[PDB]
Every structure is written in structure tokens, then in C-alpha cells.
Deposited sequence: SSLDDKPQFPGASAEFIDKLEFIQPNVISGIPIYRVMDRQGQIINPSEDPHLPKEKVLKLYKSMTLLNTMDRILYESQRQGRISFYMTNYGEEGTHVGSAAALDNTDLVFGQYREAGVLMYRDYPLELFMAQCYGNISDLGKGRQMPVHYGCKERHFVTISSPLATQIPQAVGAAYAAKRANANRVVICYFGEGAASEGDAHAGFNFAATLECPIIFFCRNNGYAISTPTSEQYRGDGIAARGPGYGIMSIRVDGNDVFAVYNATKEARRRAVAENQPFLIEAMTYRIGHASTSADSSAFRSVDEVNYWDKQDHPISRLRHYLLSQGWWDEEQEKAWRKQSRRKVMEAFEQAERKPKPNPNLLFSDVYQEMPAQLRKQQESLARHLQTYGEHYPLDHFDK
């Protein structure tokens, strides 16, 4: 019997290398088939009609917003845009499974979480336009959303940085004795970063109530997964860290919901991390269609409702979009605040330097576009 503190194991008296099982991977959990029918009644969440309709309307409203802002970007009216196509179900389904005060970290594909939490169209647009209504003060590139009121930590461009951060917020929640979970979204590409190894490992050793939600759509920009990793996706990494793990069909809002709800329940009770890997398709057999088929089978929707919602959502998005374009940008003074909490005197000197310069050379600057 082995007496080594690093591992609990028997001896073996023959030489045998352990092989990965990649061809027969961790199976993909699914609740409803492509026609929206529940496959196994015992897995039906029986979510109420109003909630399931909110899932559907959140997804389609996001998709409407995407269409308009994508075109805005192609025209150069905003400088950058990342769509949510194919990811509407992973985000609305997971968000519905959270408590409203569970803290969310993510990056570029998480706008649907905000949509589900009723973030105003006006504020999605304010950030993308960097206008006076943006609580981010116009400082970040478009789609770098955040909302303190809705517990959605501001997105940053460097990939995977939010992973160990999310773990720290989770540790703090544990200590605060919160009945709170943290969820942290990232893509399969981002999981290659050092910071993902840091986060996964810290979460297990420090016993944190965190859900890791990895979106695996087969690509990171032009890079296919064959060039990203050679194990069985990201889900298979979880066990090597001591992390309970599961893989789900990301086109199935119910599969995502069920996995997230159970992960949330156990994470908060046991102070242990959970990893969910949602398989989706690279688009920018759709989560919106599948759920639509379910709605029809229950008698919860029809073509007149679809047409009318399609029209009402376009109007809501176009009102927000028009208002956002017509607002001024913030005061250029806001370029200097929040670097530190307070403004250092030497930084104030730079601000004063800019004000003097604009007094003399202001005709050469777009002053009419900015507030005050």
C-alpha cells in the first residue's frame, strides 16, 4: 500500500500508460430534440409559461439588436461589434437558472445575460455609441458592457482575465455567507490561457462556489479546435482539477437551464466549483427555432404572435438606436476621472493643460459632438 502524500492510489506491477478517451467523449446532455419535444419527461424542468416566453423574447430581442448593430458597425457608425448568434440559448437559459443577485463575469458573448436581467436597450446602445448616457463614460470599445445594479462585471478585452477574478469574488461570497454563486463565462479558445488554469485550480483548492461556463463553438477566430487542444474538449479538463463537470447541448435552453440550476444548487451548498461546457455552433438547429417549436407544441405561441413580436421588437430596438445616435458624447473632462478614485494633482495639471489647449486650438477638435 503506497504511502505518498501527493496522491491516493494502489501499486501496479505492469507498465501501462493512461490513454485519453477523445473519440468517445463525455456525452452531450440534451432535454429536447430538434422538433422541441421533451425526450425524457423526468428531465422536463416544467418552467411556467411566462418564464419560457421571457426566455424566447429575450433571445429574439437580442437577435434583433444584433442585426441592427452589426449593420451599424459595417457602416462605421460604431467602431466594433460582436454578435450573439448561436449563443442566445446558452446565455438566456443559464441566466434564468441564476438568482438575480448572483455575480456574473464574462466577455464578448454574454449580452443575453444582461437582456434576461432587463438591461435597457438604451444602455446597450449608449455603450456602443459611447454617448452621455453610458455609465462607462464612453471609455471602452463597444460591447464592453457592465451593470452594477444587475451584478454583471464590466467586460474587458484581454481574454480569460476574468476567470481567476471570478474565483476571488466567489471566495469573498463564501466568507460573507451569502447564499450567492458567481458564474464565469468564457470560450474554448480563452480556456487555453494560463489564467484559466489559475482559475480552475484556485476554485477547487480554495473551495469556491463558482460555476465555470465554457462556450465551445469549435473556433477561436480562424483557429479550429484541432489546433486549440487535443483532449476531449474543456469538460474533460474539469476532473483533473477535482471539478464536477458536465457537457450540454447549447442549442437546448432547457439542457442549459437544468445544468446551471443544479450546478448553482450544489455550488452554493457545498462550496465547490462546477464546470459546464456548452456545445454551440459558430454562426457569426438554432436555440431560437428549437424553443419556438416547443412553444407551438404547448399552444403557447403562433404565427400571429411571432409576426407581432417581430414588429414590436424591431420598433423598440430602432427607437433606442435612433435616440442613441442623436445624443452627444460625454464631456472630454471624463477622459481624466476614475484613473484613480481621486484625481492626482499631476493628472489635474494634464486636464488643465487640455482645457487651455482647447481654448486656443478648439476649432480643430470635434467639440460640438461632446457635452458642454
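Positions of the deposited sequence absent from the coordinates, in order: 1-5, 290-312.
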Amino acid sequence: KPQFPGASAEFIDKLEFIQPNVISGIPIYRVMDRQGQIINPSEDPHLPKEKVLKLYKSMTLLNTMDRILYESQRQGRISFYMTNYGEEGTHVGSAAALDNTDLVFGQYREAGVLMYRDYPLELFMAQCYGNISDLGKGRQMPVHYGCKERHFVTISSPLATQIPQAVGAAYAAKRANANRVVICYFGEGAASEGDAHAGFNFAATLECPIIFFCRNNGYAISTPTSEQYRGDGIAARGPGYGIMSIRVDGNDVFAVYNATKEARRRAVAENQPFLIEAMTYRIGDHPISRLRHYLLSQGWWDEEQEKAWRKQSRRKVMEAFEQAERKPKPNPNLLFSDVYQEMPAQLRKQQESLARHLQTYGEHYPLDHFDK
From here on, numbers count along this sequence of modelled residues.
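Whichever C-alpha set is largest while still superposing within 1.5 Å between the two forms counts as the rigid core.
Using the rigid core as the fitting frame, the root mean square C-alpha deviation in 7 other deposited structures of this protein is greater for 17-25 than for the other of 17-25 and 359-367. Taking only CA atoms, the mean B-factor in the PDB entry is higher for 83-91 than for the other of 83-91 and 225-233.
Per-stretch averaging of Cα B factors for 14-22 and 345-353 places 14-22 on top.
In the deposited coordinates, the residue among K51, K57, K329, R315 with the greatest CA B-factor is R315. Taking the PDB entry at face value, the top CA B factor among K148, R139, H286, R109 belongs to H286. Sorting the modelled residues of the chain by their CA temperature factor places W301 in the highest third.
Among the modelled residues of its chain, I38 has a C-alpha B-factor that falls in the highest third, as given in the PDB entry.
Ranked by C-alpha B-factor against the other modelled residues of its chain, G250 falls in the middle third. Placement of the Cα temperature factor of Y340 within the chain: lowest third of the modelled residues, per the deposited record. Among the modelled residues of its chain, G76 has a C-alpha B-factor that falls in the highest third according to the deposited record.
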